[PDB]
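In short: position in the sequence shown from 1, add 30, done, that's the UniProt record's numbering. Backbone N, C-alpha and C define an ideal beta-carbon position, used for all residues, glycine too. Here the structure comes first, spelled out in structure tokens, and everything after it is commentary.
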Amino acid sequence: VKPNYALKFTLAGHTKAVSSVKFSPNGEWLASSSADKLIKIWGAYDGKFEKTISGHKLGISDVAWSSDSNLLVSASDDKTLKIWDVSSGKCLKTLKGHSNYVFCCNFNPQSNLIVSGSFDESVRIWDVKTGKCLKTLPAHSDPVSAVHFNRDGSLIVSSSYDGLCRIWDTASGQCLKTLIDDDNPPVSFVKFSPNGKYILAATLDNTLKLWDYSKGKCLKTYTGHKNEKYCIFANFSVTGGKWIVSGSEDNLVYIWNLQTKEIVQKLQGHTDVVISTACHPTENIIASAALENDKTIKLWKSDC
Ligand SMILES: CC[C@@H]1NC(=O)[C@H](CCCNC(=N)NC)NC(=O)[C@](C)(NC(=O)C(C)C)CCNC(=O)[C@@H](c2ccccc2)NC1=O
Numbered sequence: 031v032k033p034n035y036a037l038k039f040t041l042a043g044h045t046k047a048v049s050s051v052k053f054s055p056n057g058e059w060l061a062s063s064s065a066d067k068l069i070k071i072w073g074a075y076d077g078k079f080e081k082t083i084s085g086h087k088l089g090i091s092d093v094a095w096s097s098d099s100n101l102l103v104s105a106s107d108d109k110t111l112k113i114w115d116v117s118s119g120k121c122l123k124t125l126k127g128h129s130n131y132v133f134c135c136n137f138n139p140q141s142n143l144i145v146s147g148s149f150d151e152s153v154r155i156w157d158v159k160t161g162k163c164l165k166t167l168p169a170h171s172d173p174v175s176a177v178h179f180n181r182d183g184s185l186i187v188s189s190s191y192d193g194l195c196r197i198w199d200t201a202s203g204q205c206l207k208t209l210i211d212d213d214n215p216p217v218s219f220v221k222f223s224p225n226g227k228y229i230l231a232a233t234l235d236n237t238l239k240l241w242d243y244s245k246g247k248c249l250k251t252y253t254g255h256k257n258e259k260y261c262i263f264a265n266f267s268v269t270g271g272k273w274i275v276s277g278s279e280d281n282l283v284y285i286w287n288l289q290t291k292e293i294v295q296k297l298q299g300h301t302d303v304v305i306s307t308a309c310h311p312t313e314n315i316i317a318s319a320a321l322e323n324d325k326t327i328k329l330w331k332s333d334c
């Protein structure tokens, strides 16, 4: 079985490189962040432009939705995160504390907490309702490229240019596991699998790896793409066949068979590095976004 993703819509509007795209949990919307300091909201099924959300003072590197699809959180070079009401576009909270670019963000499944990572080498855990920084973890010795909660919010995984992935206990802030392979390339992205049993990590050596973090064992390796410079998002696709999806510095979206590691499809169309991909929660739809020579988001749909 191989998917048959085909281009359905190209979403133009951002005036600079797009940095991150995410589908709302309710499947209705796509949020995009950009170096142009804006967040844009689009219809997930028709690619129709809905609204622009503004307020950050510098470019935005990441955006993420709350579980109820009512809030967004964004991470900016202005050293803050902002929590937004999606319906009104209003900034509800400005999360101050990081001392350098905020690079990555995510809500926990309960959506009472936000986790963030920064070029200041720390991971911060914030209370959504008050905006208070609850914990600052001295997580890494180089910029933090990704942060993600597991399925029940009890763990956080972080990755960094220092070459490590670390697993943290959300409640205590203790580091439960430091993961590394024999070689130490910068880790440019990490996330838990939907079931929370594995982590998928990208390294700046043109490789993605699937790890059983508890055992400290690498189960699968994915290659053939180009990734030595940018922090590119990767995903688990589970609505049809079980795939791994990532962008690439050769301007293509890569799709691999998770179990066999074989490349099953490469999506052509972007005119610059595909920095971000996202998978729709209920349909076989991928959103991809690209850098400065492209500035567009593309929506692709498959039968599996
Ligand atoms: C979207 C532009 C692109 N930005 C980046 O690649 C990253 C964000 C990557 C996407 N986000 C994530 N992976 N978050 C989990 N941010 C960054 O890098 C920083 C932190 N911030 C921005 O860029 C904002 C202006 C958005 C730093 C400045 N940008 C850059 O210097 C430039 C670059 C050029 C060469 C190599 C790497 C990155 N990035 C770029 O050309």
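- Boundaries for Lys-245: no beta strand (DSSP E) harbours it, and the DSSP string shows neither H nor E there.
- Bounds of any beta strand (DSSP E) do not take in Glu-313, whose DSSP letter is neither H nor E.
- For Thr-326, the secondary structure class from DSSP, reduced to helix, strand or coil, is coil.
- When beta bridges are read from the DSSP output, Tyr-252 appears opposite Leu-238.
- Annotation: the continuous beta strand (DSSP E) that includes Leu-68 extends over 68-73.
- With a threshold of 7 Å, the Cβ atom of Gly-277 does not count as near ligand 1, since no heavy atom of the ligand is closer than that.
- Around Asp-172, the same chain offers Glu-151, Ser-190, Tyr-191 and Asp-192 as residues with beta carbons nearer than 7 Å, after the five sequence neighbours per side are excluded.
- Per DSSP, the beta bridge partners of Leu-41 are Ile-327.
- For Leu-143, the secondary structure class from DSSP, reduced to helix, strand or coil, is strand.
- Taking C-alpha positions only, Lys-165 is separated from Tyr-75 by approximately 38 Å.
- Of the residues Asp-211, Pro-224 and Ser-244, the one whose Cα lies closest to the Cα of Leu-238 is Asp-211.
- Burial is judged here by how many other beta carbons sit within 10 angstroms of a residue's own beta carbon; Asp-66 has at least 16 and is buried.
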